[PDB]
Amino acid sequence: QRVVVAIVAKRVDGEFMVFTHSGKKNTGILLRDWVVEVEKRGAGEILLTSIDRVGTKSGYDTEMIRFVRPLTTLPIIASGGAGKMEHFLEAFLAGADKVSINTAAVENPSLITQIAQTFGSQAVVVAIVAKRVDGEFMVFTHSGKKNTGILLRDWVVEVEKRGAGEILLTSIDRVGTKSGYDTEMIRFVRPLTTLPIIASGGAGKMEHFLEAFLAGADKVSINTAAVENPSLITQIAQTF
């Protein structure tokens, strides 16, 4: 329940393939096979990111969601490409249980409110993708590649105000490094919101999950290290 497995996928020669290391590594593993494995290992939720859709605002990859839905009984978080109200409806109709949004929310924060006021707050996860810039935490869109000029402290406050239910807090610089979560970013964010925080990016071992919880994370997300060591999913699942 505190364990989210983030699966990043892309069509490669007609096949849905799994990507790790912040979308830089084609693992050669099929989405089909990895989804089956992650549930078997004990994950509580799946964050399903269609890496081709991120930042594009063209809609969620509902083909990918429909593909995955009969493979698993786990809640699915649709991620990548949300741009308007109708996009969320399509995601739910494809089988998603919650929806995640970054780029279009930054550009139009009232979208968060629109979603929450229809599909509640708990169905809405706002993905915050941040890093240190000139000594301050700043917010980025398009998976971290595009600046906004918005401070993390400001955005966190706004996100809750607009009615999000959960924050997915990704440290751009930690993703795929397996070097630990950005616990200073987490600690920074914790007293700014009452919302459940999902720590994202950098998990490499069991003690990393511990430090994240200690810094204030309510749930933890794992991609790269889980693919390399699926039993890690079980160990953390059996613990929290």
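Residue positions are given as counts along the sequence shown, with the first one as 1.
Please compare 8-16 with 221-229 and say which has the higher mean C-alpha temperature factor in the record. Result of the comparison: 8-16.
Between 98-106 and 114-122, which has the larger average Cα B-factor in the PDB entry? Here the higher of the two C-alpha B-factor means belongs to 114-122.
Largest Cα B-factor, entry values, listed residues 59, 191, 55, 201: Highest CA B-factor of the listed options: 191.
Chain-relative CA temperature factor third for residue 164: It belongs to the middle third of the chain when residues are ordered by C-alpha B-factor.
Among the modelled residues of this chain, does the Cα B factor of residue 85 put it in the lowest, middle or highest third? Highest third, going by the recorded CA B-factors of the chain.
Ordered by C-alpha B-factor within the chain, which third holds residue 147? Give me lowest, middle or highest, please. According to the entry, residue 147 has a C-alpha B-factor in the chain's lowest third.
Hey, what third does residue 93 fall into on Cα B-factor, ranked over its chain? Its C-alpha B-factor, which the entry lists for residue 93, ranks in the highest third among residues of this chain.
Using the B-factors in the PDB entry, rank residue 128's C-alpha atom against the chain and give the third, lowest, middle or highest. According to the entry, residue 128 has a C-alpha B-factor in the chain's middle third.
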